[PDB]
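J.: Chains D and A supply the protein sequences, listed in that same order. With the authors' numbering as the guide, the letters of the first sequence map in order to residues 4 to 195, 197 to 199, 201 to 203, 205 to 217, 219 to 220, 229 to 241, 244 to 245, 247 to 249, 252 to 266, 269, 274 to 275, 277 to 278, 280 to 299. With the authors' numbering as the guide, the letters of the second sequence map in order to residues 1 to 299. Even for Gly, the Cβ is constructed at its ideal location relative to N, Cα and C.
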Amino acid sequence: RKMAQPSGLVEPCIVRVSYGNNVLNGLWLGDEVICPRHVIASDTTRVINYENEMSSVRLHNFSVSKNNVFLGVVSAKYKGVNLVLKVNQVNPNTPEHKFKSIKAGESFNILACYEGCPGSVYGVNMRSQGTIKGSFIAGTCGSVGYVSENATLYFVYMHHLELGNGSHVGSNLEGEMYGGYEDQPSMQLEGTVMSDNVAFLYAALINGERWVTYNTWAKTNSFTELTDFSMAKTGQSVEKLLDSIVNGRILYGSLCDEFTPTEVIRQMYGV
Amino acid sequence: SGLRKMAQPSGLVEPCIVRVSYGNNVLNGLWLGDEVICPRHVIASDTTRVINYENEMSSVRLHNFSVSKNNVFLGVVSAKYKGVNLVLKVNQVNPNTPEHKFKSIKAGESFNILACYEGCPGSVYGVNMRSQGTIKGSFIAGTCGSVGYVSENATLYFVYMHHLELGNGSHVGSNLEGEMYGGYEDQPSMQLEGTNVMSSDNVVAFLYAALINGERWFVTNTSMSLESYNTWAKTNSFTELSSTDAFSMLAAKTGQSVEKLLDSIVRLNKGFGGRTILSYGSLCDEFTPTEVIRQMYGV
Ligand SMILES: *C(=N)[C@H](C[C@@H]1CCNC1=O)NC(=O)[C@H](CC(C)C)NC(=O)[C@@H](NS(C)(=O)=O)C(C)(C)C
Ligand SMILES: *C(=N)[C@H](C[C@@H]1CCNC1=O)NC(=O)[C@H](CC(C)C)NC(=O)[C@@H](NS(C)(=O)=O)C(C)(C)C
Numbered sequence: 004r005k006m007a008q009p010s011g012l013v014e015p016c017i018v019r020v021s022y023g024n025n026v027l028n029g030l031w032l033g034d035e036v037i038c039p040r041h042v043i044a045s046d047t048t049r050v051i052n053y054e055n056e057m058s059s060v061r062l063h064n065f066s067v068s069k070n071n072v073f074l075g076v077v078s079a080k081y082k083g084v085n086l087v088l089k090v091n092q093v094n095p096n097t098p099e100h101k102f103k104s105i106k107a108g109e110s111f112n113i114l115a116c117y118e119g120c121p122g123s124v125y126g127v128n129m130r131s132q133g134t135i136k137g138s139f140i141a142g143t144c145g146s147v148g149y150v151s152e153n154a155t156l157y158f159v160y161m162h163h164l165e166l167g168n169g170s171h172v173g174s175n176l177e178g179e180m181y182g183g184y185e186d187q188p189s190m191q192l193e194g195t197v198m199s201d202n203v205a206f207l208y209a210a211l212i213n214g215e216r217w219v220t229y230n231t232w233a234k235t236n237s238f239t240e241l244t245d247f248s249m252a253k254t255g256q257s258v259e260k261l262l263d264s265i266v269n274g275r277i278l280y281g282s283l284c285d286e287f288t289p290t291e292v293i294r295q296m297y298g299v
Numbered sequence: 001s002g003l004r005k006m007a008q009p010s011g012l013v014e015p016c017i018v019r020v021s022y023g024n025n026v027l028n029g030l031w032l033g034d035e036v037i038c039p040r041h042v043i044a045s046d047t048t049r050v051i052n053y054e055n056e057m058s059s060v061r062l063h064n065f066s067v068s069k070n071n072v073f074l075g076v077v078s079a080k081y082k083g084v085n086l087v088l089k090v091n092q093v094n095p096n097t098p099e100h101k102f103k104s105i106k107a108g109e110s111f112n113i114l115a116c117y118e119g120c121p122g123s124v125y126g127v128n129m130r131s132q133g134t135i136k137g138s139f140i141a142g143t144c145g146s147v148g149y150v151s152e153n154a155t156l157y158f159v160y161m162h163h164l165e166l167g168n169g170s171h172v173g174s175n176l177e178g179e180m181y182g183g184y185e186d187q188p189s190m191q192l193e194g195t196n197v198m199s200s201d202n203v204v205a206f207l208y209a210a211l212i213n214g215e216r217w218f219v220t221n222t223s224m225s226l227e228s229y230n231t232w233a234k235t236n237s238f239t240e241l242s243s244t245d246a247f248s249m250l251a252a253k254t255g256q257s258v259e260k261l262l263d264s265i266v267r268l269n270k271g272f273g274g275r276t277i278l279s280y281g282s283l284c285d286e287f288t289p290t291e292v293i294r295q296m297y298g299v
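In structure tokens, the structure reads:
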């Protein structure tokens, strides 16, 4: 099972941010709201000149709210692809947090929010070209990615756009877009690779599925490069599974590269 | 756009998880008000052989209990069986008790599991109730007492508490009133589950999620009536569809009636031929109609 860490600390920070025709989500920490800067675009379907929109920005046209609280915007600045709004009230439920970027193959959690309303939570995996495969629709931009590591809450992702190939692109909380994509409605291209993760077969045989009977093969056919997986409990070497990688019956009709080895173990053997 | 198994947010349920231990057994309990609900097999002296719960209740001492949230203790002042559940009154009211109700989850319905190890919530994920009262979670040692919850129209329902894993890997739990789902016993037995029956309502919804995500190779120039599908379902381990009314919205947006998807089910039950539908190699009944609608269109 793909799992997500609990969302209790992140839920009270989600606000509804609207400007013009655009309604999305924002991250309310302290007296600041971080949101995707394309919320102030007069037309998100056509190319945006972000310096023109910031030149014509009228702070009184914002609508930032959480439940029955209306958060008046006192100031607005860009930071990368993110918009940072200073609001007239501190969030009394701001949790202890740090910021952090996610590398390819890693896993984190997505709190999907719909026009300011948290609705779902699920775990993701940072893909090849800096994308993730989640399930975002209209109104979910500003959805927050987070990871909790040893009593530390890390905000690691804010949603921005979906590519033409259905993959999802976002930034970190400091404004750098993962994968280097731009926040324009022009077409962009994800790369053509699969993960250490395809750990998926190691869990496929602990559950009873054993229908098992390489970096050279993996470098020229879109697979990441790779045995220290040791815990030996199922009795099958990894090159006895690297053979299965070399692609009408797996817990799934294709190879699954979404679970890190640490997760799948910390889920089968726990602790 | 994508389809993923979702879980509703867990903020209201987290402050109610506590660590409960008696002797060598440690699990989790649900702290609501001044009461903590946990599985009654925590006072059993040996959980690997048949347990006489009458004797274990006769020899329980309240001071041997260890109830705590975030390593601060709660004093147990009363222990009592309610069904397969232990109901413990504690010396402190939970100040974060959310408004809630209790209810039982029916077969085919979806809910959320907050997996907890030793009183600390570890992860959250959505699940679906199988026909024989079981679910396919990822419970390991120390996760009993993990709480199943669902929220409907801003009403928080507690619906599940974990107890045991069957021999076949299925996971068995109780509602919050001590009634074990499926009628299984809270014993270290070799009880068997039975024949799993796929939810037809859920399989149709999963195929609508495929169509919405651009996958339509399974739809052909054929459609089968409702009763004809219901007759086929009686003998192929599929539940009967009472109507096509819960799919009026999905059929309008995709342009594919349910009867066309009904024919695709009878055909795809044979097999996928290696083709995968939204990362799935066989028919999947984990997603409910409203679950699909909320993920695809918000609502
Ligand atoms: C943000 N709330 C929304 C989320 C989308 C909706 C479908 N799935 C998603 O992830 N996205 C947008 O508002 C952006 C806006 C631009 C200016 C970044 N739109 C898109 O991502 C766009 N793709 S693009 C930029 O042309 O590659 C869509 C709307 C055509 C998918
Ligand atoms: C409780 N924390 C634990 C959860 C298990 C551990 C493995 N997966 C789970 O879901 N449950 C138990 O230890 C129970 C206790 C008895 C009194 C019901 N026993 C089992 O789940 C048992 N299965 S059984 C029905 O006895 O064959 C195991 C321990 C063999 C899995």
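1. Does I265/D come within less than 7 Å of chain A when only Cβ atoms are used?
2. Could you tell me the alpha carbon to alpha carbon distance between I135/D and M161/D, rounded to whole angstroms?
3. For a test of the three-state rule: what should DSSP assign to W31/D, helix, strand or coil?
4. Given that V124/A touches chain D, what residues does it touch there, using C-beta distances under 8 Å?
5. What does the alpha-carbon distance come out to for the pair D34/A and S10/A?
6. Classify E99/D as helix, strand or coil using the three-state DSSP reduction.
7. Give a single yes or no on whether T143/D has its beta carbon closer than 6 Å to a heavy atom of ligand 1.
8. Which of helix, strand or coil does DSSP assign to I17/D?
9. Please identify, using Cβ separations under 8 Å, the residues of the region 146-171 of chain D that lie next to chain A, in order along the chain.
10. For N202/A, which option in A44/A, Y117/A, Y297/A and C284/A has the closest C-alpha, if you only look at C-alpha atoms?
11. Please confirm whether any heavy atom of ligand 2 lies closer than 6 Å to the CB of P188/A.
12. In terms of DSSP beta bridges, what is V90/A paired with?
13. When you compare each of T288/D, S237/D, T231/D and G281/D to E259/D by their alpha carbons, which one comes out closest?
14. Opposite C144/A in the DSSP bridges: which residues?
15. Within the 7 Å Cβ cut-off, does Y184/D reach chain A?
16. So does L164/A have its beta carbon nearer than 6 Å to some heavy atom of ligand 4?
17. Run through the region 171-259 of chain A for me and flag every whole beta strand (DSSP E) of 3 or more residues, listed as ranges in chain order.
18. Classify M249/D: buried if its beta carbon has 16 or more other beta carbons within 10 angstroms, exposed otherwise.
19. Would you tell me roughly how many angstroms separate the C-alpha atoms of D186/A and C116/A, rounded to the nearest one?
20. Are the CB atoms of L211/D and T254/D nearer to each other than 7 Å?
21. Counting only C-beta atoms, is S243/A closer than 7 Å to chain D at any point?
22. Between the alpha carbons of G29/A and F65/A, how many angstroms are there, rounded?
23. How would you write the range of the beta strand (DSSP E) that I113/D sits in, first residue to last?
24. Okay, do the region 45-59 of chain A and the region 145-159 of chain A touch, 3+ Cβ pairs below 8 Å being the bar?
25. My output table needs one value for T290/D: the three-state DSSP class, helix, strand or coil.
26. Verify whether the separation of the beta carbon atoms of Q295/D and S138/A is less than 7 Å.
27. Have a look at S237/A and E109/A and give me their C-alpha separation to the nearest angstrom.
28. If you measure from the beta carbon of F272/A to each beta carbon in chain D, is any gap under 7 Å?
29. Does the distance between the C-beta of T222/A and the nearest non-hydrogen atom of ligand 2 fall short of 6 Å?
30. Give every residue of the same chain whose Cβ lies closer than 8 Å to the Cβ of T288/D, excluding the five residues on either side of it in the sequence, and list them in chain order.
31. Starting from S68/D, trace the beta strand (DSSP E) both ways and give me its first and last residue.
32. Which residues mark the beginning and the end of the alpha helix (DSSP H) in which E54/A is found?
33. Please report the straight-line C-alpha distance between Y181/D and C16/D, rounded to a whole angstrom.
34. Quick check: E118/A and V26/A, are their CB atoms within less than 7 Å of each other?
35. Would the beta-carbon of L27/D be found less than 6 Å away from any heavy atom of ligand 1?
T.: Taking the geometry as given:
1. no
2. 12 Å
3. strand
4. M6, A7, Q8, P9, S10 and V124
5. 21 Å
6. coil
7. yes
8. strand
9. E165, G169 and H171
10. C284/A
11. yes
12. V76/A
13. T231/D
14. The partner list for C144/A (beta bridge, DSSP) is empty, contrary to what the question assumes.
15. no
16. Of the ligands one can find in the structure shown, namely ligand 1 and ligand 2, none is ligand 4.
17. 171-174
18. exposed
19. 19 Å
20. yes
21. no
22. 12 Å
23. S110 to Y117
24. no
25. helix
26. yes
27. 17 Å
28. yes
29. no
30. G108, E109, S110, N128, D201, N202 and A205
31. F65 to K69
32. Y53 to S58
33. 22 Å
34. yes
35. yes
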